[PDB]
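Right, one structure below, let's go through it.
Only the coordinates and a few stated rules stand behind these numbers; no lab work does. Positions of Cβ are backbone-derived with ideal geometry, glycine not excepted, and every protein chain shown enters the neighbour counts.
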Protein chains: 2
Amino acid sequence: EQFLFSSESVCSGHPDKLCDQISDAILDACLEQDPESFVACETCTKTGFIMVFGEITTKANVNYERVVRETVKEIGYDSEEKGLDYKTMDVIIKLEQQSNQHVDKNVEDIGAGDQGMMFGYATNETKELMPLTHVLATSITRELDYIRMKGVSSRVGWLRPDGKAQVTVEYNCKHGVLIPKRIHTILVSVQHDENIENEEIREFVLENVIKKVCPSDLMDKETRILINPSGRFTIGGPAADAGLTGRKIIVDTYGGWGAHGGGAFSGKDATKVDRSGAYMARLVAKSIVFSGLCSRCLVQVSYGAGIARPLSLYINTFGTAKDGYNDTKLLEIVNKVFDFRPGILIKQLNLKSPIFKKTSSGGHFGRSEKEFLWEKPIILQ
Amino acid sequence: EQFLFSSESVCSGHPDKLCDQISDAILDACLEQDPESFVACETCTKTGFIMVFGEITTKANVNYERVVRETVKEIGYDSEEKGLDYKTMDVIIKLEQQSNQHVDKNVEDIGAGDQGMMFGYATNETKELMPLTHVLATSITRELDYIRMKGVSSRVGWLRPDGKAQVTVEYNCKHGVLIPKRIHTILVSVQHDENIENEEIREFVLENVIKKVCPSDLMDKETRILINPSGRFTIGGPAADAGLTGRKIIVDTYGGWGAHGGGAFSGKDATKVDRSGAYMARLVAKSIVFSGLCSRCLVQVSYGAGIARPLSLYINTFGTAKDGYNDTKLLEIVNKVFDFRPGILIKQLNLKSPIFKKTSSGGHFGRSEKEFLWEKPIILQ
Ligand SMILES: Nc1ncnc2c1ncn2[C@@H]1O[C@H](C[S@+](CC[C@@H](N)C(=O)O)Cc2ccccc2[N+](=O)[O-])[C@@H](O)[C@H]1O
Ligand SMILES: Nc1ncnc2c1ncn2[C@@H]1O[C@H](C[S@+](CC[C@@H](N)C(=O)O)Cc2ccccc2[N+](=O)[O-])[C@@H](O)[C@H]1O
Ligand SMILES: [Mg+2]
Ligand SMILES: [Mg+2]
């Protein structure tokens with residue numbers, strides 16, 4: 001009863017993640033001046049251009065173009081050879097007012113803005129209460145990004161912004177509890193200058209990234225390390241591959257564990273239950289595991305447009321519930337403590353605050369930042 | 001142990017799904033002249049425009065703008081009041097050659113074009129070997145679209161192209177076997193002309209769609225029927241809500257059941273393992289369930305860029321395996337019969353054929369079309 005399972009992550013410079021980060025830079029800019037802003041900001045990119053498009057209802061006075069350029073600059077796209085230059089690229093803005101489609105309402109009464117379903121997941125595999133596969137892939141991309149962007153030397157002058165990683169873990173399953181046995185395969189592909197060669201890259205990545213973030217007791221002489229295995233990776237970013245907001249939902253969330261409802265997070269203010277419903281669903285799953293009531297947990301919420309109370313809620317603990325608890329009682333405990341009406345949601349999690357830019361690379365979940373109230377678990381019994 | 005669980009679908013005029021369909025209409029246009037075409041065609045839309053962008057290496061001579069307009073016309077966007085007019089919209093094309101980044105190779109040697117993971121899922125709930133929740137939501141949108149587009153007597157002159165549906169089913173679980181007990185909530189939001197009343201819409205949708213595709217023995221006087229519950233829905237399409245390719249990956253796949261690796265399908269030729277790997281993975285799960293070896297099955301495959309054999313393969317049958325089988329034996333049987341090397345994949349599933357436009361609404365899986373070889377199961381033992 002051993003098996004292999006993989007998750008991936010991407011760097012901040014990946015073209016899709018670049019769009020997520022612009023989308024949430026713009027959301028934060030609106031929120032800093034107008035906490036009641038309605039934002040649905042989508043971003044796309046290809047050679048020499050970025051376009052932001054969608055619907056914004058706000059009082060904020062935001063220089064969207066400036067925000068775009070600044071965000072691109074911080075991620076490090078400052079020349080055509082790297083795939084995009086924030087100085088020269090075209091920025092196209094096509095942002096309109098939210099669709100038009102009376103009675104006084106309290107916060108409890110506020111309807112969901114759309115239908116949909118959202119899931120939350122937690123597992124006792126890691127201290128983050130996230131799947132180890134996801135934690136390790138995301139650690140590798142986050143460290144590459146840190147060392148390139150806010151590092152300290154030309155110990156990394158050669159590293160360009162694009163890249164990805166993928167981690168395969170060998171697991172045992174004993175009574176529905178997942179116990180990592182070893183890291184099976186670690187793949188990293190990173191974009192680099194012309195004047196460095198693939199051997200130097202391997203050395204750097206193994207020693208300064210892989211061995212830095214992957215636990216040594218999970219690695220052995222059979223662990224397969226693949227670095228830039230398809231060859232050279234000097235051409236990257238938008239110049240090689242189009243990017244769009246909302247095309248990294250699994251990297252954003254559980255790395256193939258759990259489930260997903262389909263909704264993207266970035267660029268959306270918290271009245272989009274695709275974001276706020278998934279954030280509360282995480283808190284619930286994490287609370288249940290943190291409380292010792294199970295080892296793994298999946299939560300589904302679903303909503304109807306114009307309706308305040310969710311149409312449904314679902315809890316699955318994969319048979320791992322503690323003695324005397326079961327998914328029926330856990331649902332009853334959840335319904336006593338947690339409130340998924342979207343107005344309550346938003347207030348509980350302080351989701352009008354301009355905190356979203358930090359979530360748009362590195363994953364939304366398993367994060368330690370003090371501003372992410374959905375990662376601060378509640379004791380339940 | 002009872003529980004509720006929801007899945008959703010959208011109409012082919014939904015702005016995101018419009019973009020999927022343009023993307024695959026362009027893919028098929030290329031393939032029909034050049035079966036070796038490399039395509040990565042992304043689409044977005046907002047008021048008054050469509051933009052097509054990405055990478056295409058082909059000998060095909062395709063009039064991209066004409067394909068965009070014909071695809072929009074056929075979906076029914078022929079006026080600004082409906083949210084888009086194929087006759088007046090701007091169509092912007094920003095397509096480039098695929099990136100650069102060699103020795104003689106056989107088909108078996110061809111490396112995956114990217115890393116990533118892919119999931120296949122099957123369940124004996126329905127004859128399509130698909131989750132009931134997804135089958136029903138998708139039935140409702142598909143029937144709406146059919147009646148609007150391919151039927152069309154003034155009897156539906158009032159229906160507009162945008163819409164969504166969501167179905168919630170109450171299940172019993174036994175030993176990982178899902179048994180639907182009743183339909184709990186059906187929600188449909190459809191776009192309509194100004195001169196029809198929300199009251200006439202209910203009656204039509206209930207009688208000509210809902211009761212037509214939802215099994216009467218799963219509906220009862222407690223089943224909650226919600227039609228346009230947020231209000232009027234006259235403004236829609238791109239005018240009200242931006243669309244992008246690859247933003248309906250859960251509608252495209254299993255409706256929140258099973259899992260997803262993150263990759264979109266539409267606009268991509270079959271050398272993108274995000275599409276071809278998921279399709280093979282569906283074949284495998286479906287063959288296992290069809291063969292009576294379990295009631296439900298999830299398969300994950302994972303690839304490394306440049307590498308022909310998958311880095312990992314995973315089968316989970318949720319404890320529903322038949323006597324004498326387990327996930328270890330099933331993985332050994334799969335590895336005897338199926339070959340996930342991408343050059344072999346494509347050839348066994350005939351994925352160079354221009355069949356993709358049919359996939360881009362209505363779901364990729366549970367489909368009966370003769371041209372979808374990933375839906376034709378193998379007997380295994
Ligand atoms: N040379 C490279 N080596 C490894 N990974 C790369 C390389 N170039 C891009 N990528 C990364 O792949 C992502 C998706 S790229 C999506 C492909 C697609 N838009 C296409 O047109 O084929 C895939 C890719 C993977 C590996 C090698 C080369 C390519 N490629 O040139 O398309 C892209 O956004 C980058 O993060
Ligand atoms: N009047 C409506 N009633 C029901 N569904 C609608 C309506 N208008 C659009 N939709 C459907 O919702 C989809 C996402 S729309 C995405 C929201 C977003 N772009 C925004 O800016 O808020 C959400 C929506 C749902 C229900 C009512 C109104 C809205 N809305 O005007 O944003 C959109 O693509 C349509 O399929
Ligand atoms: Mg992408
Ligand atoms: Mg959308």
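Taking only the alpha carbons of the protein assembly as shown, we obtain Rg and Dmax values of 24.4, 72 Å in that order. Here r is the Cβ-Cβ distance between residue A:57 and residue B:65 and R0 is 35 Å; the resulting FRET efficiency, rounded to 0.05, is 0.60. With the simple spin-label model, which puts each label point 7 Å out from Cα in the Cβ direction, the residue A:224 to residue A:152 separation comes to 3.6 nm.
Using θ = phi - 60° in the Karplus curve 6.51 cos²θ - 1.76 cosθ + 1.60, the 3J(HN,Hα) couplings for region A:6-18 round to 10, 10, 10, 9, 10, 6, 4, x, 4, x, 5, 5, 3 Hz; x is entered for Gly and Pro. The ellipsoid that matches the Cα gyration tensor of region B:102-160 has semi-axes, each √(5λ) in whole angstrom, of 41, 20, 10, with the longest given first. Summarising the label geometry, the points placed 7 Å from Cα in the beta-carbon direction at residue B:97 and residue B:348 lie 3.4 nm from one another. When Rg and Dmax are taken over the Cα atoms of chain B, they come to 21.4, 67 Å.
In sequence order, region A:199-208 has phi-based couplings of 5, 6, 4, 4, 4, 4, 5, 4, 7, 9 Hz under the Karplus curve 6.51 cos²θ - 1.76 cosθ + 1.60, θ = phi - 60°, and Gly or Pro positions carry x. A cut-off of 5 Å between modelled amide H atoms, ignoring neighbours fewer than 5 places along the same chain, links residue A:247 with no other residue. Label-to-label distance, residue A:197 versus residue A:32, with points set 7 angstrom from Cα along the beta-carbon direction: 4.6 nm. In this structure, the amide hydrogen of residue A:116, modeled 1.01 Å from its nitrogen in the peptide plane, lies closer than 5 angstrom to those of A:303, counting only residues at least 5 positions away or on a different chain. Remark: region A:81-98, residue by residue, has Karplus-estimated 3J(HN,Hα) of 5, 7, x, 5, 10, 5, 5, 9, 3, 7, 10, 10, 10, 9, 9, 10, 7, 4 Hz, where x stands for each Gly or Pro and the curve is 6.51 cos²θ - 1.76 cosθ + 1.60 at θ = phi - 60°. Only one residue of A:333, A:362, A:288 has its Cα farthest out toward the positive end of the dipole of region A:266-381, where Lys and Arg carry +1 and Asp and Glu -1 on Cβ, and that residue is A:362.
Sorted from shortest to longest, the distances between the residue B:36 label points of this copy and the other copies are 6.2 nm, with each point 7 Å from Cα along the line through the beta carbon. Structure note, pairs B:73/B:347; B:17/B:221; A:150/A:286; A:329/A:376; A:347/A:370: Cα-Cα distances above 28 angstrom occur for B:73/B:347; B:17/B:221; A:150/A:286. Here region A:146-245 is treated as a Stokes sphere of Kirkwood radius computed over C-alpha pairs; at 37 °C and 0.692 mPa s its diffusion coefficient rounds to 214 µm²/s. Relative to the Cα centre, the charge distribution of the protein assembly as shown, modelled as +1 at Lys and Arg Cβ and -1 at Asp and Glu Cβ, gives a dipole magnitude of about 1520 debye. Here region B:231-290 is treated with +1 on each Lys and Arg Cβ and -1 on each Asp and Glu Cβ, and its dipole about the Cα centre works out to around 80 debye. For residue B:46, the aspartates and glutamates whose Cα falls under 13 Å of its own Cα, not counting residues fewer than eight places away in the same chain, are A:42, A:55, A:96, B:16, B:80, B:85, B:90, B:241. Looking at region A:224-381, the pairs of alpha carbons with a distance over 20 Å make up 56% of the total. Radius of gyration over Kirkwood radius for region A:54-117, both on Cα atoms: the Rg/Rh ratio is 1.19.
Amide H contacts for residue A:96 (H built 1.01 Å from N in the peptide plane; partners 5 or more residues away or on another chain; cut-off under 5 Å): A:54, A:55, A:56.
The calculated FRET efficiency for residue A:181 paired with residue A:74, based on their beta-carbon distance and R0 = 45 Å, is about 0.70. Using the Stokes-Einstein relation with a Kirkwood hydrodynamic radius computed over Cα pairs, the translational diffusion coefficient of region B:286-371 at 25 °C and a viscosity of 0.890 mPa s comes to 165 µm²/s.
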